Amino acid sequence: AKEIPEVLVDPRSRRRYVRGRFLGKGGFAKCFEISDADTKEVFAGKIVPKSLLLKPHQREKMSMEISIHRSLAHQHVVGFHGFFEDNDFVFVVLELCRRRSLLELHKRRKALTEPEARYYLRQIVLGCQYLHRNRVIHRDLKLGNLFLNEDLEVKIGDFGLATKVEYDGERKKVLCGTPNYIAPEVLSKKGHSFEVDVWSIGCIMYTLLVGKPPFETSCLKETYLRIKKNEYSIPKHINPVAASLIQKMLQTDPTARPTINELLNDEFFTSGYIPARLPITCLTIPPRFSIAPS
């Protein structure tokens, strides 16, 4: 039958974890609230069964996710706190992001107010900067991969398609899997690089402001065509300041998009209100950002 242990023991560090509430199925994995029985400290447990890792291929991707994620630590990247295995499962101990992800927030709120976007996008961009500085391309940035903590801060996660750039000006040919906001130079298949993540962010931005993905069609393959044909509309009701930024990020030619270190310098940010923090109410009710209470 092959079920998951009630206590998850790491024989290496002698840390023991108590399998808490079930959070969901993040792909090949099942995810649980897990607490260290010593410090009582609470984490998210990514538990993936080895039965689904039978092929060395599926297996190397898991190892790469780990290898990459463990090397990273930044305010806007999901805290990676450890990993281990028994005979049947792989356990990964990650930062518990209690306010879920921008996906759930998007599904409750749809389109966001401009400062909220600015707020989030800034954080997305920063984490991503950290990644690119470390020669890491996420390659699968989407609302579901942008996790929110207690303070509504963005924590980039799931490095399942992440990759290290091993030398200057490398062009990665293969992408093993299918992202949401997948870049046109991936499908054009003459290589791809960092500018893929920028593209993704272009689509994230659009989505946050418009309330829907920029391409989203019935067919997946349908959606794939208009990506490489560059075919999307920006609604009238969207401010030009924002729309320009989006247009700059959603260019088919990768080398036209801004680098990650360029973005926060865009008019959209530099001449717009970026909140210092968000109210919790922002998960349900659009904030107006008043200047004084009553």
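Just count from 1 along the sequence shown to find any residue number.
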> Do the C-alpha atoms of 247 to 255 or of 60 to 68 have the higher average B factor in the entry?
Replying inline: 247 to 255
> If you average the CA temperature factors over each stretch, which comes out higher, 137 to 145 or 188 to 196?
Replying inline: 188 to 196
>> For the CA B factor values reported in this entry, which option in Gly160, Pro179, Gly202, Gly82 has the top one?
In response: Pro179
>> Take the CA temperature factors straight from the PDB entry and tell me which of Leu53, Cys31, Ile34, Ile227 peaks.
In response: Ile227
> Is the Cα B-factor recorded for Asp151 in the lowest, middle or highest third of its chain?
Replying inline: middle
>> Which third, lowest, middle or highest, does the C-alpha temperature factor of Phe89 belong to within its own chain?
In response: middle
> Lowest, middle or highest third: where is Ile274 by Cα B-factor in its chain?
Replying inline: lowest
>> Considering every modelled residue of the chain and its Cα B-factor in the PDB entry, is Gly127 in the lowest, middle or highest third?
In response: lowest
>> Can you tell me whether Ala73 has a C-alpha B-factor in the lowest, middle or highest third compared with the other modelled residues of the same chain?
In response: lowest
